[PDB]
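Chemist: as a preliminary step, the opening chains of the complex are given here in situ:
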Amino acid sequence: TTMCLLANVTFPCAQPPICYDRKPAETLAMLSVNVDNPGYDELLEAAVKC
């Protein structure tokens, strides 16, 4: 399993707290810090859709 990061909150990468159709730049900042991640594609395709 793989846990992603926005703060010290290790949320599951398939279940993000935010989506781009709600927030313009907070999703991009969440993707900013999590580039070095093997589950980045999971966080990616989950972080688009609600």
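Modeler: Received it, and whenever you're ready, just let me know what you need. Numbering: from 1, shown residues only, chains lettered A, B, ... in the order given.
Chemist: what sits against the spatially most central residue of chain A?
Modeler: Centroid-nearest residue in chain A, with C-alpha atoms, centre = their mean: residue A:43, separated by 4.5 Å. By C-beta atoms under 8 Å, 6 or more residues apart in numbering, the contact set of residue A:43 is A:4, A:13, A:14, A:16, A:31, A:34, A:37. Just so you know, the C-beta spots here come from the backbone N, C-alpha and C atoms, and that holds for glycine as well.
Chemist: what's the helix or strand for it?
Modeler: helix A:40-48 (DSSP states H and E).
Chemist: please identify the buried residues of that helix?
Modeler: Applying a neighbour-count criterion of 16 or more other C-beta atoms under 10 Å, the buried positions in helix A:40-48 are A:40, A:42, A:43, A:46, A:47.
Chemist: hmm, residue A:34 and the first one touching each other?
Modeler: Yes. Counting by C-beta atoms under 8 Å, residue A:40 does reach residue A:34; the two are 6.2 Å apart.
Chemist: quick one: the strands in chain A, in order.
Modeler: In chain A, the strands defined using DSSP state E lie at A:3-4, A:11-12.
Chemist: parallel or antiparallel, list what pairs with the last one.
Modeler: Taking DSSP bridges as the criterion, strand A:11-12 forms sheet pairs with strand A:3-4 (antiparallel).
Chemist: which other residues reach the strand it pairs with?
Modeler: Residues outside strand A:3-4 that contact it (C-beta under 8 Å, 6+ apart): A:10, A:11, A:12, A:13, A:16, A:30, A:34, A:37, A:39, A:43.
Chemist: any idea how far the last one is from residue A:16?
Modeler: Read that as residue A:43. 6 Å (C-beta to C-beta, to the nearest Å).
Chemist: same question for residue A:49.
Modeler: Taken as C-beta to C-beta, the span from residue A:49 to residue A:16 is 9 Å.
Chemist: tack on chain B:
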Amino acid sequence: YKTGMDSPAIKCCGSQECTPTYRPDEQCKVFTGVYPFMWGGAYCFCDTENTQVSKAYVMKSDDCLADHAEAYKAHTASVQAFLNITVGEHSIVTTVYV
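Modeler: One more chain to add, chain B, which I have set with the ones above:
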């Protein structure tokens, strides 16, 4: 290969520095005396003492997976035959190792 290039760091009436990243063949150089233009006019107001940093590195191409060449070393081969033996009208077909 695929020469990747970072965007030029521009400071107006300043001076940049070279911060390396240890990327493969990562060249970096700081250029002084630069008056750059954007589409919406000039970028600085200073004539001289401006600074642009070029940074380039080599990464491998996007089609590396399906289009690549494997360099090997070979030694001490192994011979292996598909015989079809019949001894007294009793036939087998067996991969024998020789």
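Chemist: again for the contacts of residue A:43, since chain B is there now?
Modeler: By C-beta atoms under 8 Å, 6 or more residues apart in numbering or on different chains, the contact set of residue A:43 is A:4, A:13, A:14, A:16, A:31, A:34, A:37.
Chemist: now with 7 Å, please.
Modeler: Residues near residue A:43 by C-beta atoms under 7 Å, 6 or more residues apart in numbering or on different chains: A:4, A:13, A:16, A:34, A:37.
Chemist: and what of residue B:52?
Modeler: Taking C-beta under 7 Å, 6+ apart as the criterion, residue B:52 is in contact with B:8, B:10, B:31, B:34, B:36.
Chemist: wait, a strand at the third one?
Modeler: Looking back up the chat, that one is residue B:31. Yes. The assignment for residue B:31 by DSSP: H, G, I helix; E, B strand; the rest coil puts it in a strand.
Chemist: show me the beta-bridge partners of it.
Modeler: The partner residues for residue B:31, given DSSP bridges, come to residue B:52.
Chemist: how about the second one?
Modeler: On DSSP bridges, the residues paired with residue B:10 through beta bridges are residue B:52.
Chemist: by neighbour count, which of the contacts of residue B:52 wins?
Modeler: Counting neighbours by other C-beta atoms under 10 Å in any protein chain shown, residue B:34 comes out on top of the contacts of residue B:52 with 18 neighbours.
Chemist: not counting its neighbours along the chain, what's nearest it?
Modeler: residue B:52 (4.5 Å; C-beta to C-beta, 6 or more residues apart in numbering or on different chains).
Chemist: now the contacts of residue B:52 as CSV including distance to residue B:59?
Modeler: Shown next, in CSV, are the contacts of residue B:52 (distance: C-beta to C-beta, whole Å):
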residue, distance to residue B:59
B:8, 19
B:10, 24
B:31, 23
B:34, 26
B:36, 26
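Chemist: which one of those residues sits closest to residue B:75?
Modeler: Comparing these against residue B:75 with C-beta to C-beta picks out residue B:8 as the nearest, at 50.7 Å.
Chemist: okay, that closest one and residue B:51: tell me how far apart.
Modeler: Taken as C-beta to C-beta, the span from residue B:8 to residue B:51 is 10 Å.
Chemist: tack on chain C:
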Amino acid sequence: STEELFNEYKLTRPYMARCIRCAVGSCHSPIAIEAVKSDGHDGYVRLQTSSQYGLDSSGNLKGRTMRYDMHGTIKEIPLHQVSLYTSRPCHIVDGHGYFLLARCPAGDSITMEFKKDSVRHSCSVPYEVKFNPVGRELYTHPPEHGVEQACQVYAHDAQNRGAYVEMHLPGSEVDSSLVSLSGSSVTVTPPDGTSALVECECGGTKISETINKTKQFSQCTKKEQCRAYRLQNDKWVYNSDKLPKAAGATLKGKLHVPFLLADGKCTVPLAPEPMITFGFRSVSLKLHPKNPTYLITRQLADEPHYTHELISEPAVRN
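Modeler: Now chain C, sitting on the chains shown earlier:
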């Protein structure tokens, strides 16, 4: 499931970059060209441009469109207005994100152009485009009939595979349609829903970030001394060398690239059958190639004495 594919270039915007050959001279073009890759076989190239494809002017999905950046305001046209050519005209197949797929002939340049009302846009780049045949018969246009070798062409769908490019903060795109004169001073008018910042040199060292306000400044007489930048915290760009960058770690994510080089099947020609004359320990070969054809011979002994020859004329080999 195309909407799952298109949803990552929704985070991005088209931009303008420097093209060296425009319709008249050297300009800043909305259709600038970053790279041309031509390593698939039967004439398919993959352009990475400074425009975006498959999305509308908002961010939603329209089918066959080019989305570009015209001095900040994002515009759009249908895809059948855009044409490109190397030596002969090329044929645009599809587009996805910053990437375009065309069926091109061989040539030493790429030129993409579209036509607006009375403004013609163009961008020529000195990027070599080659044509790669399959097999031992060197054609220039793919045939009508033959046999089928395996090949490697750029795939036509936008399927997510394991190859990425790197996206970043757009930097401070400076403007000068913002700054204007008052009757006695300098006036900066940032656009609505967008924050500008102003650097001047008319007092000592002056600097400000302003929001949504026609904000004048005293002690500045001429508007040559003030540069009004523009800011967009959202809306990624590509890591281009034709753009300036932001301040501090710069990185915001990575996107997949469409149309990768996949294994396929390609039709190759079949040369006219050689006319073989036999003799005592000797074989004569009459050869009439239609287009240039490799003849490769070897002997089945401890010294092969292999012969390798491109033959493009009617020839007799003994």
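Chemist: again for the contacts of residue A:43, chain C present now?
Modeler: A:4, A:13, A:16, A:34, A:37.
Chemist: contacts only, for the third one.
Modeler: It stands for residue A:16. So residue A:16 contacts A:43, A:46, A:47 (C-beta under 7 Å, 6+ apart).
Chemist: taking the contacts of residue A:43 together, which two end up most distant?
Modeler: A:16 and A:37 (12.5 Å).
Chemist: now the helix holding residue A:43, how far from the centre of its chain.
Modeler: Centroid separation for helix A:40-48 versus its chain: 6 Å, with C-alpha atoms, centre = their mean, to the nearest Å.
Chemist: SS state for the closest residue to chain A within chain B?
Modeler: Residue of chain B nearest chain A, by C-beta to the nearest C-beta: residue B:21 (13.6 Å). Following three-state DSSP, the label given to residue B:21 is coil.
Chemist: contact residues of chain A facing chain C?
Modeler: Contacts of chain A with chain C, taken as C-beta under 7 Å from any C-beta of the partner chain, map to A:20, A:24, A:25, A:28, A:31, A:32, A:35, A:44, A:45, A:48.
Chemist: quick one: the third one from residue C:137, how far?
Modeler: Using C-beta to C-beta, we find residue A:25 at a distance of 56 Å from residue C:137.
Chemist: quick revisit: out of the residues of chain A next to chain C, who's nearest residue C:17?
Modeler: residue A:28 (21.5 Å).
Chemist: quick check: closest non-adjacent residue to the closest one.
Modeler: Nearest to residue A:28 is residue C:252, by C-beta to C-beta, 6+ apart, at 5.0 Å.
Chemist: so what's the residue count around the one you found?
Modeler: 25.
Chemist: now do the contacts for it.
Modeler: A:28, A:31, A:32, C:167, C:168, C:169, C:236.
Chemist: isn't the second one up against residue C:253?
Modeler: It stands for residue A:31. Yes. Using C-beta atoms under 7 Å, residue A:31 is in contact with residue C:253, at 3.9 Å.
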